[PDB]
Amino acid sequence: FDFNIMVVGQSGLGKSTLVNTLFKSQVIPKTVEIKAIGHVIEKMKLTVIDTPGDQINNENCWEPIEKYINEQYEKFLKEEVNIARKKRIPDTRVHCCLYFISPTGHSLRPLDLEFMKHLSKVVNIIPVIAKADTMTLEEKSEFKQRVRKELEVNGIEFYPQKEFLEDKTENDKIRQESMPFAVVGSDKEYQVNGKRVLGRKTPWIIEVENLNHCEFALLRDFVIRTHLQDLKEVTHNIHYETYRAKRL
């Protein structure tokens, strides 16, 4: 049982911080290279892939990531044939990928859109709003609506895709309102209300998991519990298949 998550997006959005907060939940310098850390603990081995980048010229800035993803597929295609005859086949393909969106309060940057368009064709992308704590209530509500609109209008198929029922009753909910998940990621534990909790120490404490504070708990449950398998299935049966099909 192996699950791979990857964080993508602009620099300085708390992508790296989230990775660690994510790991501390189930259980910070600047990213320069694509390094993926995996924790062999819940049965499951969850490895999260970090990334940097956000420059004077950003032409084809996605290729590096696309090369990596495609690199993981080719590897699985070579390892899909059980030459070593192993009961289980190691899978390092990117199942779920989170694209961090700067909460600019305006329309999505052209670069964000194109970047998501390319990846959506090759990987399961789940839109996320970084540093949600920055935005006000009315602001965040409107920003999500703006995001959902801009995405749908730009023909960006993101998980859960409409194409691939009880699930249809919930996919609409997760497509329709909840997403993109607005997250606050804090690596620090502070005892709040009698128990150790994770949260930002804003002079104003904000609880990373508290459903009343932010949607991190929702996103976490969504990717690690509810849709953990669906992600893997769509990765293998659609994306990966499409790769080898074009390859062969």
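Numbering starts at 1 and follows the sequence shown.
- Unmodelled residues of the deposited sequence between neighbouring positions residue 64 and residue 65 number none; the chain is continuous.
- Higher mean CA B-factor, judged across 123 to 131 and 166 to 174 from the recorded values: 166 to 174.
- Taking the deposited Cα B-factors for 75, 106, 148, 117, the highest one is held by 106.
- Highest CA B-factor among 16, 11, 25, 235, as stated in the entry: 25.
- Annotation for residue 199: C-alpha temperature factor in the highest third relative to the rest of the modelled chain, per the entry.
- Residue 179: CA B factor lies in the highest third for its chain, per the PDB record.
- Among the modelled residues of its chain, residue 190 has a C-alpha B-factor that falls in the highest third according to the deposited record.
- The PDB entry assigns residue 89 a C-alpha temperature factor belonging to the highest third of its chain's modelled residues.
- When the modelled residues of the chain are ordered by C-alpha B-factor, residue 102 sits in the lowest third.
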